[PDB]
file structure_27.pdb (PDB, N, CA and C atoms)
ATOM      1  N   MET A   1       0.851  -1.209   0.000  1.00  0.00           N
ATOM      2  CA  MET A   1       0.000   0.000   0.000  1.00  0.00           C
ATOM      3  C   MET A   1       0.876   1.245   0.000  1.00  0.00           C
ATOM      4  N   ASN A   2       0.346   2.348  -0.510  1.00  0.00           N
ATOM      5  CA  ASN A   2       1.109   3.589  -0.585  1.00  0.00           C
ATOM      6  C   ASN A   2       0.229   4.772  -0.213  1.00  0.00           C
ATOM      7  N   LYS A   3      -0.851   4.958  -0.954  1.00  0.00           N
ATOM      8  CA  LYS A   3      -1.800   6.017  -0.644  1.00  0.00           C
ATOM      9  C   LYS A   3      -3.080   5.416  -0.085  1.00  0.00           C
ATOM     10  N   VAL A   4      -2.923   4.620   0.967  1.00  0.00           N
ATOM     11  CA  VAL A   4      -4.053   3.970   1.611  1.00  0.00           C
ATOM     12  C   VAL A   4      -4.959   5.012   2.267  1.00  0.00           C
ATOM     13  N   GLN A   5      -4.343   6.040   2.822  1.00  0.00           N
ATOM     14  CA  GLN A   5      -5.076   7.132   3.429  1.00  0.00           C
ATOM     15  C   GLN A   5      -5.422   8.161   2.368  1.00  0.00           C
ATOM     16  N   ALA A   6      -6.699   8.251   2.037  1.00  0.00           N
ATOM     17  CA  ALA A   6      -7.162   9.203   1.044  1.00  0.00           C
ATOM     18  C   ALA A   6      -6.990  10.633   1.540  1.00  0.00           C
ATOM     19  N   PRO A   7      -6.724  11.569   0.616  1.00  0.00           N
ATOM     20  CA  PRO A   7      -6.551  12.991   0.938  1.00  0.00           C
ATOM     21  C   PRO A   7      -7.821  13.625   1.504  1.00  0.00           C
ATOM     22  N   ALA A   8      -7.997  13.508   2.814  1.00  0.00           N
ATOM     23  CA  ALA A   8      -9.115  14.132   3.498  1.00  0.00           C
ATOM     24  C   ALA A   8      -8.914  15.636   3.554  1.00  0.00           C
ATOM     25  N   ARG A   9      -9.803  16.377   2.915  1.00  0.00           N
ATOM     26  CA  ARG A   9      -9.643  17.815   2.819  1.00  0.00           C
ATOM     27  C   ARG A   9     -10.983  18.524   3.028  1.00  0.00           C
ATOM     28  N   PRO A  10     -11.003  19.533   3.920  1.00  0.00           N
ATOM     29  CA  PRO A  10     -12.204  20.318   4.230  1.00  0.00           C
ATOM     30  C   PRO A  10     -12.853  20.924   2.993  1.00  0.00           C
ATOM     31  N   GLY A  11     -14.119  20.600   2.791  1.00  0.00           N
ATOM     32  CA  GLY A  11     -14.833  21.086   1.633  1.00  0.00           C
ATOM     33  C   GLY A  11     -15.341  19.952   0.775  1.00  0.00           C
ATOM     34  N   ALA A  12     -14.664  18.818   0.862  1.00  0.00           N
ATOM     35  CA  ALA A  12     -15.042  17.642   0.100  1.00  0.00           C
ATOM     36  C   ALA A  12     -16.237  16.949   0.742  1.00  0.00           C
ATOM     37  N   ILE A  13     -17.072  16.347  -0.087  1.00  0.00           N
ATOM     38  CA  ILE A  13     -18.256  15.650   0.388  1.00  0.00           C
ATOM     39  C   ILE A  13     -17.879  14.256   0.871  1.00  0.00           C
ATOM     40  N   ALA A  14     -18.538  13.804   1.932  1.00  0.00           N
ATOM     41  CA  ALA A  14     -18.290  12.483   2.497  1.00  0.00           C
ATOM     42  C   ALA A  14     -19.108  11.426   1.764  1.00  0.00           C
ATOM     43  N   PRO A  15     -18.467  10.640   0.889  1.00  0.00           N
ATOM     44  CA  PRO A  15     -19.145   9.609   0.104  1.00  0.00           C
ATOM     45  C   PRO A  15     -19.395   8.326   0.893  1.00  0.00           C
ATOM     46  N   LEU A  16     -18.516   8.029   1.843  1.00  0.00           N
ATOM     47  CA  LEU A  16     -18.573   6.762   2.565  1.00  0.00           C
ATOM     48  C   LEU A  16     -18.990   6.963   4.017  1.00  0.00           C
ATOM     49  N   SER A  17     -19.348   5.859   4.661  1.00  0.00           N
ATOM     50  CA  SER A  17     -19.720   5.869   6.066  1.00  0.00           C
ATOM     51  C   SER A  17     -18.496   5.574   6.921  1.00  0.00           C
ATOM     52  N   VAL A  18     -17.733   6.605   7.213  1.00  0.00           N
ATOM     53  CA  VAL A  18     -16.493   6.436   7.962  1.00  0.00           C
ATOM     54  C   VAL A  18     -16.776   6.375   9.451  1.00  0.00           C
ATOM     55  N   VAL A  19     -16.156   5.418  10.112  1.00  0.00           N
ATOM     56  CA  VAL A  19     -16.347   5.217  11.525  1.00  0.00           C
ATOM     57  C   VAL A  19     -15.005   5.196  12.250  1.00  0.00           C
ATOM     58  N   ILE A  20     -14.863   6.050  13.255  1.00  0.00           N
ATOM     59  CA  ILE A  20     -13.680   6.045  14.103  1.00  0.00           C
ATOM     60  C   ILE A  20     -13.853   4.962  15.169  1.00  0.00           C
ATOM     61  N   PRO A  21     -13.099   3.856  15.051  1.00  0.00           N
ATOM     62  CA  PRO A  21     -13.288   2.671  15.893  1.00  0.00           C
ATOM     63  C   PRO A  21     -13.002   2.917  17.357  1.00  0.00           C
ATOM     64  N   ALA A  22     -13.748   2.206  18.181  1.00  0.00           N
ATOM     65  CA  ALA A  22     -13.579   2.238  19.616  1.00  0.00           C
ATOM     66  C   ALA A  22     -12.309   1.489  20.013  1.00  0.00           C
ATOM     67  N   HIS A  23     -11.190   2.184  19.896  1.00  0.00           N
ATOM     68  CA  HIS A  23      -9.871   1.589  20.025  1.00  0.00           C
ATOM     69  C   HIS A  23      -8.859   2.726  20.120  1.00  0.00           C
ATOM     70  N   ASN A  24      -7.695   2.476  20.711  1.00  0.00           N
ATOM     71  CA  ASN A  24      -6.687   3.525  20.829  1.00  0.00           C
ATOM     72  C   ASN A  24      -6.217   3.966  19.449  1.00  0.00           C
ATOM     73  N   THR A  25      -6.181   5.271  19.251  1.00  0.00           N
ATOM     74  CA  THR A  25      -5.903   5.843  17.945  1.00  0.00           C
ATOM     75  C   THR A  25      -4.406   5.918  17.678  1.00  0.00           C
ATOM     76  N   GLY A  26      -3.618   5.748  18.733  1.00  0.00           N
ATOM     77  CA  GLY A  26      -2.181   5.888  18.620  1.00  0.00           C
ATOM     78  C   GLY A  26      -1.753   7.323  18.825  1.00  0.00           C
ATOM     79  N   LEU A  27      -2.724   8.218  18.763  1.00  0.00           N
ATOM     80  CA  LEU A  27      -2.476   9.636  18.914  1.00  0.00           C
ATOM     81  C   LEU A  27      -2.273   9.988  20.375  1.00  0.00           C
ATOM     82  N   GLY A  28      -1.458  11.005  20.610  1.00  0.00           N
ATOM     83  CA  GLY A  28      -1.229  11.481  21.955  1.00  0.00           C
ATOM     84  C   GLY A  28      -2.495  12.030  22.576  1.00  0.00           C
ATOM     85  N   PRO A  29      -2.534  12.170  23.909  1.00  0.00           N
ATOM     86  CA  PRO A  29      -3.741  12.585  24.637  1.00  0.00           C
ATOM     87  C   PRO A  29      -4.211  13.986  24.248  1.00  0.00           C
ATOM     88  N   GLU A  30      -3.363  14.708  23.537  1.00  0.00           N
ATOM     89  CA  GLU A  30      -3.678  16.058  23.096  1.00  0.00           C
ATOM     90  C   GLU A  30      -4.745  16.063  22.005  1.00  0.00           C
ATOM     91  N   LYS A  31      -4.779  15.004  21.202  1.00  0.00           N
ATOM     92  CA  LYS A  31      -5.664  14.956  20.042  1.00  0.00           C
ATOM     93  C   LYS A  31      -7.116  14.799  20.463  1.00  0.00           C
ATOM     94  N   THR A  32      -7.326  14.603  21.754  1.00  0.00           N
ATOM     95  CA  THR A  32      -8.670  14.462  22.287  1.00  0.00           C
ATOM     96  C   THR A  32      -9.430  15.772  22.106  1.00  0.00           C
ATOM     97  N   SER A  33      -8.683  16.859  21.940  1.00  0.00           N
ATOM     98  CA  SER A  33      -9.272  18.151  21.648  1.00  0.00           C
ATOM     99  C   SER A  33      -9.953  18.110  20.281  1.00  0.00           C
ATOM    100  N   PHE A  34      -9.323  17.418  19.333  1.00  0.00           N
ATOM    101  CA  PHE A  34      -9.872  17.266  17.991  1.00  0.00           C
ATOM    102  C   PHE A  34     -11.045  16.296  18.003  1.00  0.00           C
ATOM    103  N   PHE A  35     -10.892  15.200  18.737  1.00  0.00           N
ATOM    104  CA  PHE A  35     -11.972  14.230  18.857  1.00  0.00           C
ATOM    105  C   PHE A  35     -13.195  14.905  19.467  1.00  0.00           C
ATOM    106  N   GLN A  36     -12.974  15.619  20.562  1.00  0.00           N
ATOM    107  CA  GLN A  36     -14.031  16.373  21.220  1.00  0.00           C
ATOM    108  C   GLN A  36     -14.528  17.512  20.330  1.00  0.00           C
ATOM    109  N   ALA A  37     -13.649  18.023  19.476  1.00  0.00           N
ATOM    110  CA  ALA A  37     -14.019  19.064  18.521  1.00  0.00           C
ATOM    111  C   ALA A  37     -15.062  18.537  17.550  1.00  0.00           C
ATOM    112  N   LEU A  38     -14.955  17.256  17.217  1.00  0.00           N
ATOM    113  CA  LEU A  38     -15.960  16.611  16.384  1.00  0.00           C
ATOM    114  C   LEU A  38     -17.010  15.899  17.236  1.00  0.00           C
ATOM    115  N   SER A  39     -17.080  16.292  18.509  1.00  0.00           N
ATOM    116  CA  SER A  39     -18.069  15.775  19.452  1.00  0.00           C
ATOM    117  C   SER A  39     -17.931  14.259  19.608  1.00  0.00           C
ATOM    118  N   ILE A  40     -16.750  13.827  20.022  1.00  0.00           N
ATOM    119  CA  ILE A  40     -16.472  12.411  20.201  1.00  0.00           C
ATOM    120  C   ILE A  40     -16.204  12.074  21.668  1.00  0.00           C
ATOM    121  N   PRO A  41     -16.793  10.971  22.174  1.00  0.00           N
ATOM    122  CA  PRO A  41     -16.532  10.475  23.527  1.00  0.00           C
ATOM    123  C   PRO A  41     -15.165   9.807  23.611  1.00  0.00           C
ATOM    124  N   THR A  42     -14.287  10.355  24.434  1.00  0.00           N
ATOM    125  CA  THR A  42     -12.908   9.906  24.465  1.00  0.00           C
ATOM    126  C   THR A  42     -12.433   9.578  25.874  1.00  0.00           C
ATOM    127  N   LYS A  43     -11.467   8.673  25.957  1.00  0.00           N
ATOM    128  CA  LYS A  43     -10.789   8.357  27.206  1.00  0.00           C
ATOM    129  C   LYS A  43      -9.345   7.966  26.914  1.00  0.00           C
ATOM    130  N   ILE A  44      -8.448   8.275  27.836  1.00  0.00           N
ATOM    131  CA  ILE A  44      -7.029   8.006  27.640  1.00  0.00           C
ATOM    132  C   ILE A  44      -6.696   6.572  28.036  1.00  0.00           C
ATOM    133  N   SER A  45      -6.032   5.859  27.135  1.00  0.00           N
ATOM    134  CA  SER A  45      -5.706   4.460  27.355  1.00  0.00           C
ATOM    135  C   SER A  45      -4.257   4.293  27.817  1.00  0.00           C
ATOM    136  N   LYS A  46      -3.332   4.270  26.869  1.00  0.00           N
ATOM    137  CA  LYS A  46      -1.936   3.974  27.168  1.00  0.00           C
ATOM    138  C   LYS A  46      -1.076   5.201  26.920  1.00  0.00           C
ATOM    139  N   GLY A  47      -1.460   6.313  27.532  1.00  0.00           N
ATOM    140  CA  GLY A  47      -0.821   7.579  27.228  1.00  0.00           C
ATOM    141  C   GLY A  47      -1.190   8.042  25.840  1.00  0.00           C
ATOM    142  N   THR A  48      -2.212   7.402  25.301  1.00  0.00           N
ATOM    143  CA  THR A  48      -2.752   7.722  24.001  1.00  0.00           C
ATOM    144  C   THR A  48      -4.260   7.861  24.118  1.00  0.00           C
ATOM    145  N   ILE A  49      -4.853   8.675  23.267  1.00  0.00           N
ATOM    146  CA  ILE A  49      -6.284   8.889  23.315  1.00  0.00           C
ATOM    147  C   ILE A  49      -7.015   7.728  22.636  1.00  0.00           C
ATOM    148  N   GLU A  50      -7.976   7.158  23.351  1.00  0.00           N
ATOM    149  CA  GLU A  50      -8.739   6.024  22.861  1.00  0.00           C
ATOM    150  C   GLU A  50     -10.209   6.392  22.717  1.00  0.00           C
ATOM    151  N   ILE A  51     -10.875   5.693  21.823  1.00  0.00           N
ATOM    152  CA  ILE A  51     -12.278   5.923  21.542  1.00  0.00           C
ATOM    153  C   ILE A  51     -13.124   4.889  22.269  1.00  0.00           C
ATOM    154  N   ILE A  52     -14.174   5.346  22.932  1.00  0.00           N
ATOM    155  CA  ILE A  52     -15.001   4.460  23.732  1.00  0.00           C
ATOM    156  C   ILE A  52     -16.213   3.960  22.956  1.00  0.00           C
ATOM    157  N   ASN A  53     -16.751   4.807  22.099  1.00  0.00           N
ATOM    158  CA  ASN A  53     -17.878   4.432  21.248  1.00  0.00           C
ATOM    159  C   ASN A  53     -17.514   4.623  19.785  1.00  0.00           C
ATOM    160  N   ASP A  54     -17.793   3.617  18.959  1.00  0.00           N
ATOM    161  CA  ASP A  54     -17.548   3.710  17.521  1.00  0.00           C
ATOM    162  C   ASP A  54     -18.249   4.935  16.937  1.00  0.00           C
ATOM    163  N   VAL A  55     -17.454   5.869  16.442  1.00  0.00           N
ATOM    164  CA  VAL A  55     -17.965   7.166  16.020  1.00  0.00           C
ATOM    165  C   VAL A  55     -18.343   7.174  14.547  1.00  0.00           C
ATOM    166  N   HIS A  56     -19.566   7.583  14.242  1.00  0.00           N
ATOM    167  CA  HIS A  56     -19.950   7.822  12.858  1.00  0.00           C
ATOM    168  C   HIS A  56     -19.438   9.190  12.423  1.00  0.00           C
ATOM    169  N   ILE A  57     -18.130   9.269  12.205  1.00  0.00           N
ATOM    170  CA  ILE A  57     -17.472  10.534  11.908  1.00  0.00           C
ATOM    171  C   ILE A  57     -17.951  11.107  10.571  1.00  0.00           C
ATOM    172  N   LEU A  58     -17.933  10.297   9.519  1.00  0.00           N
ATOM    173  CA  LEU A  58     -18.432  10.746   8.230  1.00  0.00           C
ATOM    174  C   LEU A  58     -19.677   9.986   7.847  1.00  0.00           C
ATOM    175  N   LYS A  59     -20.542  10.672   7.139  1.00  0.00           N
ATOM    176  CA  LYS A  59     -21.802  10.108   6.703  1.00  0.00           C
ATOM    177  C   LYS A  59     -21.928  10.318   5.203  1.00  0.00           C
ATOM    178  N   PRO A  60     -22.315   9.282   4.450  1.00  0.00           N
ATOM    179  CA  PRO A  60     -22.514   9.395   3.004  1.00  0.00           C
ATOM    180  C   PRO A  60     -23.524  10.487   2.656  1.00  0.00           C
ATOM    181  N   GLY A  61     -23.010  11.630   2.228  1.00  0.00           N
ATOM    182  CA  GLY A  61     -23.850  12.776   1.952  1.00  0.00           C
ATOM    183  C   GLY A  61     -23.480  13.966   2.815  1.00  0.00           C
ATOM    184  N   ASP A  62     -22.562  13.748   3.747  1.00  0.00           N
ATOM    185  CA  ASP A  62     -22.101  14.804   4.643  1.00  0.00           C
ATOM    186  C   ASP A  62     -20.964  15.581   3.981  1.00  0.00           C
ATOM    187  N   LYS A  63     -20.347  16.485   4.720  1.00  0.00           N
ATOM    188  CA  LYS A  63     -19.288  17.319   4.172  1.00  0.00           C
ATOM    189  C   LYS A  63     -18.124  17.397   5.144  1.00  0.00           C
ATOM    190  N   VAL A  64     -16.982  16.875   4.713  1.00  0.00           N
ATOM    191  CA  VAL A  64     -15.781  16.823   5.540  1.00  0.00           C
ATOM    192  C   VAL A  64     -15.316  18.227   5.933  1.00  0.00           C
ATOM    193  N   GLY A  65     -15.232  18.470   7.237  1.00  0.00           N
ATOM    194  CA  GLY A  65     -14.804  19.767   7.737  1.00  0.00           C
ATOM    195  C   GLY A  65     -13.296  19.878   7.884  1.00  0.00           C
ATOM    196  N   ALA A  66     -12.839  20.960   8.509  1.00  0.00           N
ATOM    197  CA  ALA A  66     -11.410  21.242   8.637  1.00  0.00           C
ATOM    198  C   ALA A  66     -10.759  20.371   9.703  1.00  0.00           C
ATOM    199  N   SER A  67     -11.185  20.552  10.945  1.00  0.00           N
ATOM    200  CA  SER A  67     -10.670  19.759  12.047  1.00  0.00           C
ATOM    201  C   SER A  67     -11.096  18.309  11.870  1.00  0.00           C
ATOM    202  N   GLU A  68     -12.180  18.125  11.129  1.00  0.00           N
ATOM    203  CA  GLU A  68     -12.698  16.802  10.826  1.00  0.00           C
ATOM    204  C   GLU A  68     -11.758  16.082   9.865  1.00  0.00           C
ATOM    205  N   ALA A  69     -11.398  16.764   8.778  1.00  0.00           N
ATOM    206  CA  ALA A  69     -10.413  16.244   7.836  1.00  0.00           C
ATOM    207  C   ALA A  69      -9.116  15.931   8.559  1.00  0.00           C
ATOM    208  N   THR A  70      -8.686  16.877   9.384  1.00  0.00           N
ATOM    209  CA  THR A  70      -7.473  16.724  10.167  1.00  0.00           C
ATOM    210  C   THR A  70      -7.573  15.502  11.077  1.00  0.00           C
ATOM    211  N   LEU A  71      -8.735  15.329  11.688  1.00  0.00           N
ATOM    212  CA  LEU A  71      -8.992  14.195  12.566  1.00  0.00           C
ATOM    213  C   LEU A  71      -8.827  12.879  11.811  1.00  0.00           C
ATOM    214  N   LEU A  72      -9.454  12.788  10.647  1.00  0.00           N
ATOM    215  CA  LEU A  72      -9.379  11.585   9.826  1.00  0.00           C
ATOM    216  C   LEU A  72      -7.961  11.357   9.308  1.00  0.00           C
ATOM    217  N   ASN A  73      -7.221  12.445   9.126  1.00  0.00           N
ATOM    218  CA  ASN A  73      -5.848  12.367   8.658  1.00  0.00           C
ATOM    219  C   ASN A  73      -4.944  11.881   9.772  1.00  0.00           C
ATOM    220  N   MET A  74      -5.285  12.252  10.997  1.00  0.00           N
ATOM    221  CA  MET A  74      -4.518  11.824  12.152  1.00  0.00           C
ATOM    222  C   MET A  74      -4.892  10.395  12.528  1.00  0.00           C
ATOM    223  N   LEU A  75      -6.111  10.011  12.175  1.00  0.00           N
ATOM    224  CA  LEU A  75      -6.605   8.665  12.434  1.00  0.00           C
ATOM    225  C   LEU A  75      -6.053   7.672  11.426  1.00  0.00           C
ATOM    226  N   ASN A  76      -5.503   8.210  10.337  1.00  0.00           N
ATOM    227  CA  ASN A  76      -4.951   7.404   9.251  1.00  0.00           C
ATOM    228  C   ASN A  76      -6.033   6.535   8.628  1.00  0.00           C
ATOM    229  N   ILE A  77      -7.243   7.075   8.586  1.00  0.00           N
ATOM    230  CA  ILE A  77      -8.383   6.377   8.020  1.00  0.00           C
ATOM    231  C   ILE A  77      -8.720   6.977   6.659  1.00  0.00           C
ATOM    232  N   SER A  78      -9.144   6.138   5.724  1.00  0.00           N
ATOM    233  CA  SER A  78      -9.416   6.583   4.369  1.00  0.00           C
ATOM    234  C   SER A  78     -10.905   6.871   4.178  1.00  0.00           C
ATOM    235  N   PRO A  79     -11.285   8.158   4.138  1.00  0.00           N
ATOM    236  CA  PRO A  79     -12.676   8.560   3.965  1.00  0.00           C
ATOM    237  C   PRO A  79     -13.107   8.620   2.500  1.00  0.00           C
ATOM    238  N   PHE A  80     -12.230   8.180   1.601  1.00  0.00           N
ATOM    239  CA  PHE A  80     -12.533   8.189   0.175  1.00  0.00           C
ATOM    240  C   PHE A  80     -12.117   6.878  -0.481  1.00  0.00           C
ATOM    241  N   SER A  81     -10.828   6.736  -0.762  1.00  0.00           N
ATOM    242  CA  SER A  81     -10.320   5.547  -1.431  1.00  0.00           C
ATOM    243  C   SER A  81      -8.856   5.298  -1.080  1.00  0.00           C
ATOM    244  N   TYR A  82      -8.409   4.066  -1.266  1.00  0.00           N
ATOM    245  CA  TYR A  82      -7.051   3.676  -0.900  1.00  0.00           C
ATOM    246  C   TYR A  82      -6.278   3.159  -2.110  1.00  0.00           C
ATOM    247  N   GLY A  83      -6.825   3.388  -3.293  1.00  0.00           N
ATOM    248  CA  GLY A  83      -6.161   2.963  -4.505  1.00  0.00           C
ATOM    249  C   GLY A  83      -6.497   1.533  -4.862  1.00  0.00           C
TER     250      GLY A  83
END

call {"tool": "encode", "arguments": {"input": "structure_27.pdb", "output": "structure tokens"}}
result
Amino acid sequence: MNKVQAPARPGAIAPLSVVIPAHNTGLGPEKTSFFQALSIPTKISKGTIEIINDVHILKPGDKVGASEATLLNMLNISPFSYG
């Protein structure tokens, strides 16, 4: 894989049903500000921010926001395509 993470960019429409899994994101506890920015229930696991409830971050027909795009980019999740 190379471009597994699709270019999540604010302004683009959300075609897929992206879900932020209830699992440690690998991100530092600081990123919980972004998770909470997208109204996400968060708890710190291993010095990393973890998700407690599977988040319906993107919805087919929604519109990827700024901190939202950033969130998905930090999550290393592909809200579009992976090639």

call {"tool": "closest_atom_pairs", "arguments": {"input": "structure_27.pdb", "of": "segment 19-62 of chain A", "to": "segment 74-77 of chain A", "cutoff": "8 Å", "atoms": "only N, CA and C atoms", "output": "CSV"}}
result
residue,atom,partner,partner_atom,distance
A:19,C,A:77,CA,7.9
A:20,CA,A:75,CA,7.7
A:25,CA,A:75,CA,6.2
A:26,N,A:75,CA,7.6
A:27,CA,A:74,C,6.9

call {"tool": "closest_residue", "arguments": {"input": "structure_27.pdb", "among": "A:1, A:51, A:71, A:14", "to": "residue 34 of chain A", "atoms": "only N, CA and C atoms"}}
result
A:71

call {"tool": "residues_around", "arguments": {"input": "structure_27.pdb", "residues": "residue 17 of chain A", "least_positions_apart": "2", "cutoff": "9 Å", "atoms": "only C-alpha atoms", "output": "JSON list (two decimals) with N, CA and C atoms, keeping the file's coordinate frame"}}
result
[["chain", "number", "residue", "atom", "x", "y", "z"],
["A", 14, "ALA", "N", -18.54, 13.80, 1.93],
["A", 14, "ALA", "CA", -18.29, 12.48, 2.50],
["A", 14, "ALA", "C", -19.11, 11.43, 1.76],
["A", 15, "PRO", "N", -18.47, 10.64, 0.89],
["A", 15, "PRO", "CA", -19.14, 9.61, 0.10],
["A", 15, "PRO", "C", -19.40, 8.33, 0.89],
["A", 19, "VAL", "N", -16.16, 5.42, 10.11],
["A", 19, "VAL", "CA", -16.35, 5.22, 11.52],
["A", 19, "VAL", "C", -15.00, 5.20, 12.25],
["A", 56, "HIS", "N", -19.57, 7.58, 14.24],
["A", 56, "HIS", "CA", -19.95, 7.82, 12.86],
["A", 56, "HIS", "C", -19.44, 9.19, 12.42],
["A", 57, "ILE", "N", -18.13, 9.27, 12.20],
["A", 57, "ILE", "CA", -17.47, 10.53, 11.91],
["A", 57, "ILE", "C", -17.95, 11.11, 10.57],
["A", 58, "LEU", "N", -17.93, 10.30, 9.52],
["A", 58, "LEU", "CA", -18.43, 10.75, 8.23],
["A", 58, "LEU", "C", -19.68, 9.99, 7.85],
["A", 59, "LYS", "N", -20.54, 10.67, 7.14],
["A", 59, "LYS", "CA", -21.80, 10.11, 6.70],
["A", 59, "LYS", "C", -21.93, 10.32, 5.20],
["A", 60, "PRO", "N", -22.32, 9.28, 4.45],
["A", 60, "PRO", "CA", -22.51, 9.40, 3.00],
["A", 60, "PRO", "C", -23.52, 10.49, 2.66],
["A", 79, "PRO", "N", -11.28, 8.16, 4.14],
["A", 79, "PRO", "CA", -12.68, 8.56, 3.96],
["A", 79, "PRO", "C", -13.11, 8.62, 2.50]]

call {"tool": "residues_near_point", "arguments": {"input": "structure_27.pdb", "point": "(-11.6, 15.4, 27.1)", "cutoff": "7 Å", "atoms": "all atoms listed in the file", "output": "PyMOL selection string"}}
result
chain A and resi 32-33+36+42-43

call {"tool": "residues_around", "arguments": {"input": "structure_27.pdb", "residues": "residue 6 of chain A", "least_positions_apart": "3", "cutoff": "6.5 Å", "atoms": "all atoms listed in the file", "output": "ChimeraX atom specification"}}
result
/A:3,77-82

call {"tool": "atom_distance", "arguments": {"input": "structure_27.pdb", "atom1": "atom CA of residue 8 of chain A", "atom2": "atom CA of residue 69 of chain A"}}
result
5.0 Å

call {"tool": "resolve_selection", "arguments": {"input": "structure_27.pdb", "expression": "the PyMOL selection byres ((chain A and resi 65) around 6.5)", "output": "short mmCIF file (atom, residue, chain, number, x, y, z; two decimals) with N, CA and C atoms, in the frame of the given file"}}
result
data_model
loop_
_atom_site.label_atom_id
_atom_site.label_comp_id
_atom_site.auth_asym_id
_atom_site.auth_seq_id
_atom_site.Cartn_x
_atom_site.Cartn_y
_atom_site.Cartn_z
N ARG A 9 -9.80 16.38 2.92
CA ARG A 9 -9.64 17.82 2.82
C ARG A 9 -10.98 18.52 3.03
N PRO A 10 -11.00 19.53 3.92
CA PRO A 10 -12.20 20.32 4.23
C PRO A 10 -12.85 20.92 2.99
N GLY A 11 -14.12 20.60 2.79
CA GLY A 11 -14.83 21.09 1.63
C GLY A 11 -15.34 19.95 0.78
N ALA A 12 -14.66 18.82 0.86
CA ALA A 12 -15.04 17.64 0.10
C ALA A 12 -16.24 16.95 0.74
N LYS A 63 -20.35 16.48 4.72
CA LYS A 63 -19.29 17.32 4.17
C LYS A 63 -18.12 17.40 5.14
N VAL A 64 -16.98 16.88 4.71
CA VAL A 64 -15.78 16.82 5.54
C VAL A 64 -15.32 18.23 5.93
N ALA A 66 -12.84 20.96 8.51
CA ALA A 66 -11.41 21.24 8.64
C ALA A 66 -10.76 20.37 9.70
N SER A 67 -11.18 20.55 10.94
CA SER A 67 -10.67 19.76 12.05
C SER A 67 -11.10 18.31 11.87
N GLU A 68 -12.18 18.12 11.13
CA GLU A 68 -12.70 16.80 10.83
C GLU A 68 -11.76 16.08 9.86
N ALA A 69 -11.40 16.76 8.78
CA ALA A 69 -10.41 16.24 7.84
C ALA A 69 -9.12 15.93 8.56
N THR A 70 -8.69 16.88 9.38
CA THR A 70 -7.47 16.72 10.17
C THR A 70 -7.57 15.50 11.08
#

call {"tool": "select_by_dssp", "arguments": {"input": "structure_27.pdb", "residues": "chain A", "states": "alpha helix (DSSP H)", "output": "CSV table (one decimal) with N, CA and C atoms, in the frame of the given file"}}
result
chain,number,residue,atom,x,y,z
A,32,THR,N,-7.3,14.6,21.8
A,32,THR,CA,-8.7,14.5,22.3
A,32,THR,C,-9.4,15.8,22.1
A,33,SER,N,-8.7,16.9,21.9
A,33,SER,CA,-9.3,18.2,21.6
A,33,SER,C,-10.0,18.1,20.3
A,34,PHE,N,-9.3,17.4,19.3
A,34,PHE,CA,-9.9,17.3,18.0
A,34,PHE,C,-11.0,16.3,18.0
A,35,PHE,N,-10.9,15.2,18.7
A,35,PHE,CA,-12.0,14.2,18.9
A,35,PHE,C,-13.2,14.9,19.5
A,36,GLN,N,-13.0,15.6,20.6
A,36,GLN,CA,-14.0,16.4,21.2
A,36,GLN,C,-14.5,17.5,20.3
A,37,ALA,N,-13.6,18.0,19.5
A,37,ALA,CA,-14.0,19.1,18.5
A,37,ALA,C,-15.1,18.5,17.6
A,66,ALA,N,-12.8,21.0,8.5
A,66,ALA,CA,-11.4,21.2,8.6
A,66,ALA,C,-10.8,20.4,9.7
A,67,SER,N,-11.2,20.6,10.9
A,67,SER,CA,-10.7,19.8,12.0
A,67,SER,C,-11.1,18.3,11.9
A,68,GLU,N,-12.2,18.1,11.1
A,68,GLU,CA,-12.7,16.8,10.8
A,68,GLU,C,-11.8,16.1,9.9
A,69,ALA,N,-11.4,16.8,8.8
A,69,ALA,CA,-10.4,16.2,7.8
A,69,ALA,C,-9.1,15.9,8.6
A,70,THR,N,-8.7,16.9,9.4
A,70,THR,CA,-7.5,16.7,10.2
A,70,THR,C,-7.6,15.5,11.1
A,71,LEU,N,-8.7,15.3,11.7
A,71,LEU,CA,-9.0,14.2,12.6
A,71,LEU,C,-8.8,12.9,11.8
A,72,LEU,N,-9.5,12.8,10.6
A,72,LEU,CA,-9.4,11.6,9.8
A,72,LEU,C,-8.0,11.4,9.3
A,73,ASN,N,-7.2,12.4,9.1
A,73,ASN,CA,-5.8,12.4,8.7
A,73,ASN,C,-4.9,11.9,9.8
A,74,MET,N,-5.3,12.3,11.0
A,74,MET,CA,-4.5,11.8,12.2
A,74,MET,C,-4.9,10.4,12.5
A,75,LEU,N,-6.1,10.0,12.2
A,75,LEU,CA,-6.6,8.7,12.4
A,75,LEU,C,-6.1,7.7,11.4

call {"tool": "resolve_selection", "arguments": {"input": "structure_27.pdb", "expression": "the PyMOL selection byres ((chain A and resi 48) around 7)", "output": "ChimeraX atom specification"}}
result
/A:24-30,43-47,49-50

call {"tool": "select_by_dssp", "arguments": {"input": "structure_27.pdb", "residues": "segment 26-66 of chain A", "states": "strand (DSSP E)", "output": "count of residues only"}}
result
8

call {"tool": "atom_distance", "arguments": {"input": "structure_27.pdb", "atom1": "atom N of residue 5 of chain A", "atom2": "atom N of residue 39 of chain A"}}
result
22.7 Å

call {"tool": "atom_distance", "arguments": {"input": "structure_27.pdb", "atom1": "atom CA of residue 73 of chain A", "atom2": "atom CA of residue 18 of chain A"}}
result
12.2 Å

call {"tool": "closest_residue", "arguments": {"input": "structure_27.pdb", "among": "A:62, A:83, A:31, A:40", "to": "residue 13 of chain A", "atoms": "only C-alpha atoms"}}
result
A:62

call {"tool": "axis_aligned_box", "arguments": {"input": "structure_27.pdb", "around": "segment 45-55 of chain A", "padding_each_side": "5 Å", "output": "AutoDock Vina command-line options"}}
result
--center_x -9.6 --center_y 6.3 --center_z 21.2 --size_x 27.5 --size_y 15.3 --size_z 23.3

call {"tool": "decode", "arguments": {"input": "structure_27.pdb", "residues": "segment 63-70 of chain A", "atoms": "C-alpha atoms", "output": "short mmCIF file (atom, residue, chain, number, x, y, z; two decimals), in the first residue's frame"}}
result
data_model
loop_
_atom_site.label_atom_id
_atom_site.label_comp_id
_atom_site.auth_asym_id
_atom_site.auth_seq_id
_atom_site.Cartn_x
_atom_site.Cartn_y
_atom_site.Cartn_z
CA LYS A 63 -19.29 17.32 4.17
CA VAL A 64 -15.78 16.82 5.54
CA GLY A 65 -14.80 19.77 7.74
CA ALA A 66 -11.41 21.24 8.64
CA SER A 67 -10.67 19.76 12.05
CA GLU A 68 -12.70 16.80 10.83
CA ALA A 69 -10.41 16.24 7.84
CA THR A 70 -7.47 16.72 10.17
#
